[PDB]
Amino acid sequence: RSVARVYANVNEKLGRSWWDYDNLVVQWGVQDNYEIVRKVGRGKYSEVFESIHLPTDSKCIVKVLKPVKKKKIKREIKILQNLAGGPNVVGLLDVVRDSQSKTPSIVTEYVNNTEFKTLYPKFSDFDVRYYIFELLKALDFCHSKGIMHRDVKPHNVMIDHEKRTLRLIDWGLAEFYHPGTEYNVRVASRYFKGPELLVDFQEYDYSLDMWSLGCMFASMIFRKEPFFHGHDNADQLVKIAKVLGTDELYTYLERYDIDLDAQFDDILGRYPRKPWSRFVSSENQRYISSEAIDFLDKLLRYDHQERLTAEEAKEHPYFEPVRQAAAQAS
């Protein structure tokens, strides 16, 4: 009912030793070589602390998972070990757990982050092209290794603006992509969910991450956080419909034999396509160019087979300032 455009082969061509995370045996580190300092974050199934690896006296992150669904835990570890050394992927330092409760933690590199609603308004046009390009690098890498993040959003993009470095964190929803598999649609955060998630289409792929990338980018360049502000998961589809249009939605559902749910009959009207240019303001004009709008317009498409691949998106003209800049550094 849908295969991915790119990289569909990958997990088949790497081994079952690459994707079969149920049978991974975890060689736990020593829980007591870490000391938790201060709370830096929270989560649905987690808590995150700044911490010290005692034997080296060094800063790191300790993220304490919820111990149940044991294989959901091995999934995140198998993905982190697989993506070892990948450009702009958060580095895995250790996996430890408590001797008595068997509650596990993942230990990752620390990144001196600025929270995005503070940091994003401080970006220049170049910053945006540059940090999106760096993030495209992580997305392309893990996609080319047969993995979907499925929770791309600002909150999982650590930026050390002083170091001009980027890390994609939180692979607790990352699943391996197997052609034709029916994945769970209850993934990603509301404001970054794809239309395929919102209409219960289960045979999605690496293109889901591109719709989310486009939701980030849209809010960066139009200065509208979040860009699609649905009150529930049904309102999410209507808020997207008010921009992309109800015509192109109906052609896409037909293209995929998706039958919309009956709740939508009363809430989903006929909406015309609002051009991207109506989101241009004076406060957000610094980020606007035709390169940018064109690029956003090829991320944010109902049909996931119409979205750019992360590889394709790096080729985009928008990023040419970044390409040539890094080349002249060379």
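So that there is no doubt, residue numbering starts at 1 and follows the sequence shown.
Novice: For the other entries of this protein included in the comparison (both sides of the residue modelled), is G43 absent in a third of them or more?
Specialist: No.
Novice: Note whether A262 lacks coordinates in a third or more of the other compared entries that model its flanking residues.
Specialist: Across the other compared entries, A262 is absent from none.
Novice: Which has the higher mean CA temperature factor in the PDB entry, 4-12 or 321-329?
Specialist: Mean C-alpha B-factor is greater for 321-329.
Novice: Out of 199-207 and 97-105, which one has CA B-factors that are higher on average in the deposited record?
Specialist: 97-105 has the higher mean C-alpha B-factor.
Novice: Checking the entry, which one of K298, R270, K59, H304 has the top C-alpha B factor?
Specialist: Each of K298, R270, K59, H304 was compared by C-alpha B-factor; the highest is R270.
Novice: Checking the record values for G230, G86, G146, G214, which has the greatest CA B factor?
Specialist: Top of the list by C-alpha B-factor: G230.
Novice: Ranking the modelled residues of this chain by C-alpha B-factor as given in the entry, is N113 in the lowest, middle or highest third?
Specialist: CA B-factor rank for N113: highest third.
Novice: Determine, from the deposited record, the chain-internal third of the Cα B-factor for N82: lowest, middle or highest.
Specialist: Middle third by C-alpha B-factor.
Novice: When the modelled residues of the chain are sorted by Cα temperature factor, does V37 land in the lowest, middle or highest third?
Specialist: According to the entry, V37 has a C-alpha B-factor in the chain's highest third.
Novice: How does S189 rank on Cα B-factor within its chain, lowest, middle or highest third?
Specialist: As the PDB entry reports it, the C-alpha B-factor of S189 lands in the highest third of its chain.
Novice: Based on the entry's values, in what third of the chain does the Cα temperature factor of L260 lie: lowest, middle or highest?
Specialist: Answer is highest: the recorded C-alpha B-factor places it there.
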